[PDB]
Enquirer: 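Please read through the structure below; I'll follow up with questions.
Atoms within a ligand are numbered from 1 in the order they appear, just like the ligands themselves. So that the names make sense, note that chain A is the first sequence line, chain B the second, and so on, each numbered from 1.
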Amino acid sequence: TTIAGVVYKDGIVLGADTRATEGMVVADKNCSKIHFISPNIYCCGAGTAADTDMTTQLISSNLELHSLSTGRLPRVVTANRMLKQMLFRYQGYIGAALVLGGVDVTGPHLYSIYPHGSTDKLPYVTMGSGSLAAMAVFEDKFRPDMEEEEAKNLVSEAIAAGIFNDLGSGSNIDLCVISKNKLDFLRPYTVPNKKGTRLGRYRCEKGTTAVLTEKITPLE
Amino acid sequence: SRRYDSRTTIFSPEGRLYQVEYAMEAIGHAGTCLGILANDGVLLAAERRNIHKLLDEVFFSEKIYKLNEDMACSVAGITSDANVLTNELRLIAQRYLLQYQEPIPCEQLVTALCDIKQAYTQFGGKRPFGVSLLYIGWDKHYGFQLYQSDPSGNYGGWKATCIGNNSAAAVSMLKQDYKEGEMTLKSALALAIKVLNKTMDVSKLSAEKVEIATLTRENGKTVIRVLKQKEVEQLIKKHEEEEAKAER
Amino acid sequence: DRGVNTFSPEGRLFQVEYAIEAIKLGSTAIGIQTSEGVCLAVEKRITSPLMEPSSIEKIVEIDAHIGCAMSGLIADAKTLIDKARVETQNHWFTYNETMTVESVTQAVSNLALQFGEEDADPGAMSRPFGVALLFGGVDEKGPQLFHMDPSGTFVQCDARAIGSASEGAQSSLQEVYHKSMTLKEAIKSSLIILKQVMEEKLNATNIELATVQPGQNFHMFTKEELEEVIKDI
Amino acid sequence: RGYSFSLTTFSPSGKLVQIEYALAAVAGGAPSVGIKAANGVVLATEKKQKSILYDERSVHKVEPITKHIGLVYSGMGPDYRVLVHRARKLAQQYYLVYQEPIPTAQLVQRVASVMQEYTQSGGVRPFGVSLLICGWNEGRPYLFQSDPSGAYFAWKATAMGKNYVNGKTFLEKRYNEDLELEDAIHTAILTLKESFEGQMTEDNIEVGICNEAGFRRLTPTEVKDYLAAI
Amino acid sequence: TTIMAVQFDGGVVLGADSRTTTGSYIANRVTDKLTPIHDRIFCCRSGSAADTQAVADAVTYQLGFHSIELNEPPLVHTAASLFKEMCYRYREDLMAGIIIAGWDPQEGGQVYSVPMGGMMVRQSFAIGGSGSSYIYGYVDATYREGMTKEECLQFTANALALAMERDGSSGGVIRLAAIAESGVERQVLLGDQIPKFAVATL
Amino acid sequence: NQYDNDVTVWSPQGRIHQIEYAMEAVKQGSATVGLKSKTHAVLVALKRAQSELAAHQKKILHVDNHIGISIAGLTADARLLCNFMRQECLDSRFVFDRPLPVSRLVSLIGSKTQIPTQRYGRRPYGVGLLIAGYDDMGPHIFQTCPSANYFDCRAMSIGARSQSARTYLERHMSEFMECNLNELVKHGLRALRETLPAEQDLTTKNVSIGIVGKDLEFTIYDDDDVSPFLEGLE
Amino acid sequence: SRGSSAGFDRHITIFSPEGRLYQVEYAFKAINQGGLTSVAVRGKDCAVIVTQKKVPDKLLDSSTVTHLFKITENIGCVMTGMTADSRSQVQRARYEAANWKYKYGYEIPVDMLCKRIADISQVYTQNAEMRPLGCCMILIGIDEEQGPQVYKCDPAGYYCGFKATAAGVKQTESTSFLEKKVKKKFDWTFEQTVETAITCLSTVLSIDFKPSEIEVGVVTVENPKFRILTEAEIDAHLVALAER
Amino acid sequence: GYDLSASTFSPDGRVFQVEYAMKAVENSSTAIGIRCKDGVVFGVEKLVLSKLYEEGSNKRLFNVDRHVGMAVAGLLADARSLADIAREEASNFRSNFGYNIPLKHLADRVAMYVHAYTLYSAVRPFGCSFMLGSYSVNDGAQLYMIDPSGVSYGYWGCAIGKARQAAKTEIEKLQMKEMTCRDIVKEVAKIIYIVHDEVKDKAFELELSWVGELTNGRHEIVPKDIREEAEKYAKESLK
Ligand SMILES: *[C@@](O)([C@H](CC(C)C)NC(=O)[C@H](CO)NC(=O)CCCCC(C)C)[C@@](C)(O)CO
Ligand SMILES: *[C@@](O)([C@H](CC(C)C)NC(=O)[C@H](CO)NC(=O)CCCCC(C)C)[C@@](C)(O)CO
Ligand SMILES: [Cl-]
Ligand SMILES: [Cl-]
Ligand SMILES: [Cl-]
Ligand SMILES: [Cl-]
Ligand SMILES: [Cl-]
Ligand SMILES: [Cl-]
Ligand SMILES: [Cl-]
Ligand SMILES: [Cl-]
Ligand SMILES: [Cl-]
Ligand SMILES: [Cl-]
Ligand SMILES: [Cl-]
Ligand SMILES: [Cl-]
Ligand SMILES: [Cl-]
Ligand SMILES: [Cl-]
Ligand SMILES: [Cl-]
Ligand SMILES: [Cl-]
Ligand SMILES: [Cl-]
Ligand SMILES: [Cl-]
Ligand SMILES: [Cl-]
Ligand SMILES: [Cl-]
Ligand SMILES: [K+]
Ligand SMILES: [K+]
Ligand SMILES: [Mg+2]
C-alpha cells in the first residue's frame, strides 16, 4: 500500500494505489482505499484491510449520528479524536494506519493516524509500505499553496513512486479532491499498469471436461 | 416501592391470577381468528381490523406470520405484544435448527413459547402478554397440526378452533359441521367462510375484511400461502350460491 | 400492607411474631436432658390410615452425636436441618473433631433474621422460618438439649415442649423433671405427657422417639422398642 | 435502583389504561399530517408556537433519521426526542451490518418495538407520542404511523393530534392514488388550515418531503411559496 | 527527543526538538512536543507519541473541569500531580517522560519532572528524552542561579542544539515557549537560527 | 400512622417512628448495668429464663481480650453486631499488631448501624449494647442504640426497669473512680438489684458478670463463679 | 376529564386520564417557591442574563449568593427555582460540556448543551422512582455562524432558543413586556440588550433597582468569554437609564 | 397523601420529606459560627440528658480535615455520617490533586451528596444542618452552612437549631469583621447563654472550637482555660 495526502491552497488532495496482498501474492488488483467519512471528510487506509474498513465505517457512522444531532457539517478534528481514542484503547491491535483529510468551517485539515493512536497534523503525509517513496516525492517537490492541478500532479507522482518501487503497491492511482465547493472522487485517476494480452486461445468446447454426474434443478 | 407495585404475579383468594384473566378479556374483544385441520393441509382465517379506506397495504398479511419453513401462526389480542412473541418464536425455531440441523417439531416450538408466558405469570412483577395464538404446521412426527396458546402459558392441540371475538359461537358451529378424519382443504375453506359469515355479525362479509392462509405439502416441501383477494371473493361467492340451495 | 422488616410499636418484628404463632399449628414435641443422655419424642399426627406413618419424620439425625426434633411448618425445616448437617461435617473436615450441640444450634440460629427484599441476592429469603427446633445430643460437656425458635434465640433447657400443646406439656415437665432422673424415667415421662396431650390414642406407630447417650450414637426407636416402652404407659 | 414492576397493567375489562391515557396526550398534541403521493411523501405539522420571541429555527419537529427517512409526531415533544435518537441509532446499527440503508418498514418495526417495551418494562410509563415516518426505498414511497402501544400501520394519508378525526375525513374526500408530490404538499397544508386558528406563516408550520432524491425539510422560503395560494 | 524547561523570576522557558521516529525513519520532522494543558501550563513530551498524547488530552480534560469548578486558574503543582497520578498508576502500560512547567499566581514559575515510572519532583531546570544524556555535562557547567528570561531562552536553545547535533533520535527545529503572568510567547528556531558550534576538524 | 412503617419516612414532627419502635426492643430486654473505676470496667446482667427448666439467656459476650459487651433487645441482631465488632478487632490486630482503641470501635458501630436507617426496605438494629473496654486511655463504658447514636458513660443501665438502676448509679457515682474491684462490682450488683420486683433477689442462676482492666483480660463469670461477688452484699 | 385523576397519577409520573403528568406540572410550581424572576435577551452583538439578587439576611456573605454560573469559558447560565436542584444541574452541564470537548475536539454549541440537559430531564418525567428537578436553566453563548444565543430548558424536558425570554415568578408578565417591545423593533430584533433586560425586570417587579439587587452576565461577539458585571458596571447602566 | 416520599412533589411544588427533615434540625439545641478578622469560632449548646454521661460525650464539633472544622445540629447519627463523607472528600481531593481542599469546594461537594438524598423514594433526606469553617493566609477566614436540602452558602455569622433566630439577632450586634478569634470566643459563649432556655432544659455543656491565624490554620478545640474564662464572662454578663 501507498497512501498519501496534501494540503493545497483551497483544499485537500488524497491519493492511494489499488493493490491488496496476501503474503507476496496479489489478492485484489482494484481495492478502494479512500473511504467516505462524511460528505466533507475522507480517509485513506493502510495496514490490515478488515481493520481499516471496519474502523472507518464505525467512525463514519458515529459522525453521521453526531451531525444529525448538531445539524452542522462535521469537523476534521472530531473524526481525528474519535479515531485516535478508539485506536489507543485497542493498544495497536487494530492495525489501521490512516490518512485523514477534509474541509470544515475552519478550512482544510490533514492528519496521519497510527495504529497505536498517535496522530500528526501536517501539510503532507504518507503511509503504507510505499510511504518512503511517496515521501521522497513530497520532500523534493511540495510547495505551500499549490493550485488544484499542481497538487493533483504531485499526489499522483507520489503514489506512482510507491507503485513502481514497492512490491506491496500497484495497479491504479485513485485521488480524492476536497475543497469548500467541490468533492471529486477520482477512481481511477490513472491506470499506469495493464495486463499484457493473451497470445493463444484456450476456448475449450463442450465435452472437453468429462462428467460423472449431472442434475438440473429448474427454478421460478 | 411497595405502595405503587400492583403485584401482577400473585394469587387472589380463590387461587386465581387476575392479570391472566384480564388479559383473556382483552383477547375476547380482538379480531376473530380460526384454524381448521384437514387431511391434506391446515388453514388460518382471521378477521382484519385494519380496514379504513386510507390504509396503504404494504405487507403480505396483517395477522398471519411465518415462523420457519414448516409453520405459521395467527394472533388475537394486543398487536405490539404479538410482535414480541412472534419474534421470539422465530428465534427459538432457529436455535433448534442450529443445534439439531432439523426443523423444530411444532409442539416443541409452542411449548418453548408457553414456558416464557408462564414465567411472566409467576415471577418478575410484569404484566403478562395480552395475546392468544393459533399455530399451524407440518412435522415428520405428527404431520399436519394445529395448536392454540393463551396468556396463562397453557396450550392445546385441536382439529379446529377459534379465538377472539365470538369464539364460543364459532366453536359451536365447528362442533356441528367438522367431520373428524374426512375434511379436505377445499371443505375446510368452505367451513371457515361459513363460520366467519355468522360471527362477523357486524355486518356483511367481504374479501377486504378477511385474511386466509393455507399450509400444504408439495413434492417433499411445505408451502405456506396467503390467498389473494380474487380467491377469497370466489369462496364467498360459492358460500352464497350454497345458501341459495338451503331450502329447495 | 407494610414491609417484612417493619417493627411494631412494641419493638418486635411483625413477621417474626407471626412465625412464632405458626409454631402453635405444629404437632407437639418433647425433649428431656438427663445425665445418662437426651430423649426426643414427637406426636406424628396421622390424618388418614392410607398415609404411611414411617414417611412422617419429625425427628432427624444431624450427626452421630446430635438429633433434632421439629414443630411448625415442616417443609420450612428442611433447609435448617441441611445447614446443620453441612456445618457439622465442615467442622469435622476442618478441625477433625465433633462440633458441640451449642455450636450447631448457634450456626443454624444465625440464619433466622436473614430475610428481606432490598439488601440481598436476586431471590433471597422473603420471610422467616415457621419452625421451632429441639437439638438433643452429647459432646464433651455431656448430654445437652437446646431450643431454638424463629427469632434466632436459642437456649439450653433441662426439658422443653414445643408445638400445639406445649403449654400443658411444659407444666407436666416442671412437675416430673429432676436433675438426677434416669434416661429410662425421662423416656416414660415424655410418653406419659404425649399421651395426655395427643387428640388420638397413643400407640407405637403415631409417635417417634429417639435418644443420644454418652455410650451410644443417635438412635431412633423401632416399632418393637416403642411397644415395649408403651406397655407401662 | 429502579422500580422493577410494570406501571401499565390490565384492567378488569381487558384495557391497558396507561396506553389509552398516552393516546389522550397524543390527541391533545398539535396537529400532524402525512400524505403519500405517487412519487413521494409529505409530512406537515403545526407549531404550538405562541410568542414572536421563539426562534422558530432552533428546534424542529420534522427530523431526518437517515438520508432517505424522516419523522414527525403529535404529543409530547421531549418523548419524541428520545425516539428520534433511538431511531437514528437503530438505522446506523443496521447500516453497519448490512451496508444498505435500513428499509422504512424495518426501521418502523424496530422503533415500534422500543415503544412496546415502555408499556411493560419496570418503573416506566409509555411514550406520549404517535410518530409519522416517511421513506423511499425499492423505488417507492412509504408512510407509517407508530402509536404509544408499539402498534404500527401503513397509510396512504392520515392525521393525528388535535382535530384528527375531522382531518382524516377531510383527506378521505380529497386524496387520490395518482396524485403528485407538489399537489400533495398543498392538500397537506389545507388539512392543517382546517384546524389552525392563528393565520399561517412559514414560521409556524414545518414541512418535510421524501422522494427518490431523499428526505429533507422544506425551507422557510419554500413553505412561504406554497402558502401564497393558501 | 530532547526536552527542557527552566525557571526564572516570574516564569518559565520550555524547549524541545521536533523529531518523531520509528526506528531510524523520521515520521515527522516538525513535531510540536510542547503542548498547552491550560492558559499558562504546558507539558513537554518524550517517549511514546501515542501514550503522551493520550495522557496530555486526559489531563487537559481533568484540569479544565477542576478549574471551572473552583473558578480560579489552576496551580502548576496540580497539573503536575494529575500527570503523576496517571503516569504512576499506569506505569507498566505507558512510556512517557514528561516535564510540566508553567506559571500560577500563588507560586510563580515552576518546573516539575515526571520521568518514566511516575515520580514527581520540582526542579530549577529539567531535561528529558533520550537526547538529554548528551547535555548533562553542558547544563551542569552552564546553569547559573538568577538567569533572566532572555538568558534562559539562550541556555535552552544552546542545550537543545548540542543534543540535536549528537543524538540521531533528536532533530529538526527548536521550539521554545516562555510563560509568565502576561501570557505565552512561542517561537521556532530553524536552519541558520539554531546555535552553531564547529565540528572539530584537524 | 402513614408515617410509622418505613425507616425512610420522616414524620411531620421531624421524627422516624421505626427508629423509636426499635428502641422499644431494648427497653423490654432484661436489665444490664455497666460502670467503671480508674482501673476496671464492669458489666452486670440479669438473665431471663423462659421456664423453671431453661438455662437463662446469655447476656455478656467476649469481643476481644480488651473488650466485652452486654446486650438488650433482639438476640440475633446482638450476634450480628458482636460478630462485626469481633472482626473489626481482629483486623486491627492483624494490620497494626495492637488492640483496636475502644472509642474507634464504637465509632465503627455508629457508622455501620446508621446505614440501614436511611435506605428503603432496611430496618434499624433492634439491640442496645453496653460496651466495657480497656486501652491506653484507661477503662471505658459505652452505650449504643438502634438510632446509631452512642454515648461515653461514667456508668449506665439499659433494659426493663433500668430507670431504678440509673437512679442508684447517679446516687453513688462520685465513689466509683476510687473503688477497688470488689467494691465496684458490688455497686453494679446493687444497681441491678433495684430493677427487681420486691419479692425477688440476685442468685447464681440469674446474674452474669463481665470484668476487664489494667491487669485483667475480659472475663465472664456465670453460675457458681458469681458466688464470690454475691456473698457479702452485707 | 377536566382535572380528573386515577390511581397514583398525582404521586408519580404516570399519565392522568387527560394525558397529563401532574408531577411534572408540580415541578413548575416548585420553580416559583424561590420567589425570584430572571430575564435574558439577545441582539446582533451580545446576549445578556439579568436576575434578582435577594440578600435578606445581613449575616450572609453576599459574594456567595449568586444564580449566575460559568459552564465553560464561553457559556454562561442563570438558574431559577430550587437552589440545590439548580446547583446539581449546573454540575451536570459542566460535566457534559467538558466531556464533549474531550471526545470531539471543539466546544459544545449552546443549543446542544441545552438539548442534552433537556434530554436528561426528560428521563425524570418517564421513570417513576425519582422526582423532576424543580429548576429552570437559561444558557447564553456566541455561535460562530448564528451569533449570540439564548436557550432555555425546563422540568418537562422542553427546550427552545429565544430572542428573549424569562423564568420564575413573573415569567408571564416578562414575556408580554418582551413581546410588545420586539414587535416595534425593525426585523423583530433587540438592539439595546442590557437595558431591555433590566427595564423588563424592573417593570414586572415595580422595583427601580440598586446595583446590589441585581446580577448581570454577558457574552459578546467581540468578547465571547462569559463575564459577570461588577456593581459599578451595573450602576453605570442604572444611572444611564435613569437620565433621559 | 403527598408527604411520604422525597420523589413526590406536593401540588404546590414542595418536597415535604425535606421540610420534615428540617424540623428535626429545628428541634435540636443551638450551634453557632462566627467568622472574624483572623479565623472562625464555633460554639454549641450541648444538652446533657443524663448526669451519667462523660464530659465530652456526643461531641457536635468535628475535625473533617486538618484545616476544616464542622459544627452540627439535628440527628446526631446522620451528622456523623456526613462528617465521614466530608473527611473522605477531603482525603480524596488531596490524593488526586495534591493539596488541601479549598473550603468552598468541600462545602459544594458535600452539599451535592446531601442533595442526592432529596430526590428518591429509595432513601431519606439527612436530618442535619452543619457549618464548615476554615482559615488560611491565601483564602482568609471562611464559614459555610449546609442544610438538609443541600443548599450551601457562605456567612459572616450563622446559627442552626432551635434558638436560631434569637442567636442571629445577638450575632448581628457584633462588628465581627474587625474582631479577633480570642475576642469572639467570649461573645460566642455569651450568645449561647443568652439563647439557652434555663427553665425548659436544665443542664448543658458549652463546646467551643476554632480555626485561625492563632492556630496556624489548624481546626482545634478551644483550650480548657480559655473556655472556662469565656463561660465565666458569659454567666456574669447574664447577671
Ligand atoms: C496495503 O497496506 C494494504 C491496504 C489494505 C486496506 C488493502 N494492505 C493489505 O493488502 C494487507 C497487507 O497485509 N492485507 C490484508 O489485510 C489481507 C486481506 C487482503 C485480501 C482482500 C480480501 C482485501 C499494503 C501495502 O500492505 C498492500 O500490500
Ligand atoms: C522522542 O521521545 C519522541 C517524542 C514523541 C512525543 C514525539 N518519541 C518518538 O518519536 C517515538 C519513539 O520514541 N515514536 C513514536 O511513538 C512512534 C510514532 C509513530 C509510529 C509509526 C510511525 C509506526 C524521541 C527521542 O524518541 C524521538 O526520536
Ligand atoms: Cl485531536
Ligand atoms: Cl427455517
Ligand atoms: Cl426450520
Ligand atoms: Cl411452641
Ligand atoms: Cl421494585
Ligand atoms: Cl439525536
Ligand atoms: Cl443510512
Ligand atoms: Cl433536513
Ligand atoms: Cl507528538
Ligand atoms: Cl524518563
Ligand atoms: Cl524524560
Ligand atoms: Cl525519549
Ligand atoms: Cl527532525
Ligand atoms: Cl434482652
Ligand atoms: Cl429476640
Ligand atoms: Cl438515641
Ligand atoms: Cl432502656
Ligand atoms: Cl479537553
Ligand atoms: Cl432594544
Ligand atoms: Cl436550623
Ligand atoms: K540529530
Ligand atoms: K419521575
Ligand atoms: Mg501502549
Enquirer: Determine the minimum heavy-atom distance between D:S58 and G:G161, stating which atoms define it.
Expert: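 The answer is OG-N, 2.9 Å.
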
Enquirer: Any chance CD of A:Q85 has more than 12 other-residue heavy atoms, nucleotides or ligands included, within less than 6.0 Å?
Expert: yes

Enquirer: Confirm or rule out an N/O/S atom of G:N127, from backbone or side chain, lying less than 3.4 Å from the K ion (ligand 24).
Expert: yes

Enquirer: Decide whether H:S121 and B:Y4 meet the rule of one side-chain donor and one side-chain acceptor closer than 3.5 Å.
Expert: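 Judged by distance alone, the side chains do not pair up.
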
Enquirer: Examine H:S7 and say whether one of its N/O/S atoms is closer to the K ion (ligand 24) than 3.4 Å.
Expert: no

Enquirer: Judged by modelled atom types alone, do G:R94 and G:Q91 share a side-chain donor-acceptor pair under 3.5 Å?
Expert: yes

Enquirer: If you round to 10 degrees, what value do you get for the angle at the K ion (ligand 24) between G:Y124 atom O and G:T13 atom OG1?
Expert: 90°

